[PDB]
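Numbers 7 to 229, taken from mature numbering (1 follows the signal peptide of the UniProt record, and there is no 0), label the letters of the sequence shown in order. Quick reminder that beta carbons are idealized off the backbone N, C-alpha and C, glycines included. These notes are about the structure you will find just below.
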Amino acid sequence: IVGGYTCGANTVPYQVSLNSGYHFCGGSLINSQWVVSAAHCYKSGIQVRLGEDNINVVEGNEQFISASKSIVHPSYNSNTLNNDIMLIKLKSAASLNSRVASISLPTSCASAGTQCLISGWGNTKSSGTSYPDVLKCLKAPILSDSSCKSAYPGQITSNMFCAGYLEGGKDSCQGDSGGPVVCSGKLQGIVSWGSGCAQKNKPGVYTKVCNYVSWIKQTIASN
Ligand SMILES: NCCCc1ccccc1
Ligand SMILES: [Ca+2]
């Protein structure tokens with residue numbers, strides 16, 4: 007996250023870190039046994055790390071649970087990033103409390119102008135690199151679909167939205183991938199892609215989760 011603030015330990019209790027020997031992607035807990043992330047975060051051998059603030063320090067609220075199954079969206083296209091969403095089932099159910107808590111799925115798509123919280127452990131610099139060890143947070147509005155299509159000509163599908171600031175300085179970034187965009191207490195987006203980070207007229211692009219709610223519900227009902 008570029009131009010954000012330190013969230014505070016366990017103040018984003020649905021935030022997960024996907025670890026394969028190192029943090030590589032964020033994610034969101036949607037019930038005690040399922041995580042949703044970006045399909046471009048797909049990998050074999052994922053351990054899901056819950057209750058995290060400092061990812062390099064064991065601080066006492068963590069639950070490390072291995073993944074038993076990953077399901078990438080059946081129409082994921084890695085070239086266009088259309089349908090960049092994946093579900094991960096945990097081997098055992100997480101233990102839920104004020105510090106590890108699931109986030110609700112939306113019943114409605116969020117509108118342009120809605121303020122949201124984006125969070126993750128990704129890079130904090132737009133030019134160059136510095137990875138935080140603690141969770142960073144950013145408040146950003148959902149941008150109108152016309153300004154989103156004007157920033158990314160011929161690349162925005164109906165399964166994507168832009169969020170952020172057309173004049174740059176504040177944005178999600180590498181390592182924030184698969185992490186949450188929560189608006190009014192509902193998961194609305196997944197950190198998906200963008201042209202660099204915090205660049206002028208190149209805002210973050212996010213997978214539009216309200217389009218996927220019935221695929222998520224069906225898939226967790228049968229797996
Ligand atoms: N410009 C938006 C943030 C771009 C970023 C998100 C996810 C992965 C890599 C970069
Ligand atoms: Ca830790």
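If you draw a straight line from the Cα of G170 to the Cα of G210, it comes to about 6 Å.
Under the 10 Å beta carbon count, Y212 is surrounded by 16 or more other beta carbons and is classified as buried.
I61 has its CB nearer than 8 Å to a heavy atom of ligand 2.
No heavy atom of ligand 2 is found nearer than 8 Å to the CB of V42. When beta bridges are read from the DSSP output, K49 appears opposite no residue. Under the three-state reduction of DSSP output, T213 falls in the strand class.
The region 102 to 165 contains, as complete alpha helix (DSSP H) runs of 4+ residues, the segments 151 to 157 (chain order). Ligand 1 never approaches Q194 closely enough for any of its heavy atoms to be under 8 Å from the residue's Cβ. In the DSSP assignment, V187 falls within the beta strand (DSSP E) that extends over 186 to 189. As a beta-bridge residue in DSSP terms, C168 pairs with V211. 9 Å or more divides the Cβ of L102 from the Cβ of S76. With 16 or more neighbouring CB atoms inside 10 Å of its own CB, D59 falls in the buried class. DSSP places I222 within a helical segment (H, G or I) once states are collapsed to three.
Taking 8 Å as the cut-off, the C-beta of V54 does not count as close to any heavy atom of ligand 2. For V106, the CB stays at least 8 Å from every heavy atom of ligand 2. Per DSSP, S76 is one residue of the beta strand (DSSP E) stretching across 69 to 78. Excluding the 5 residues flanking it on each side, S136 has same chain C-beta neighbours closer than 8 Å at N129, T130, in chain order. CA-to-CA, the gap between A99 and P19 works out to about 16 Å.
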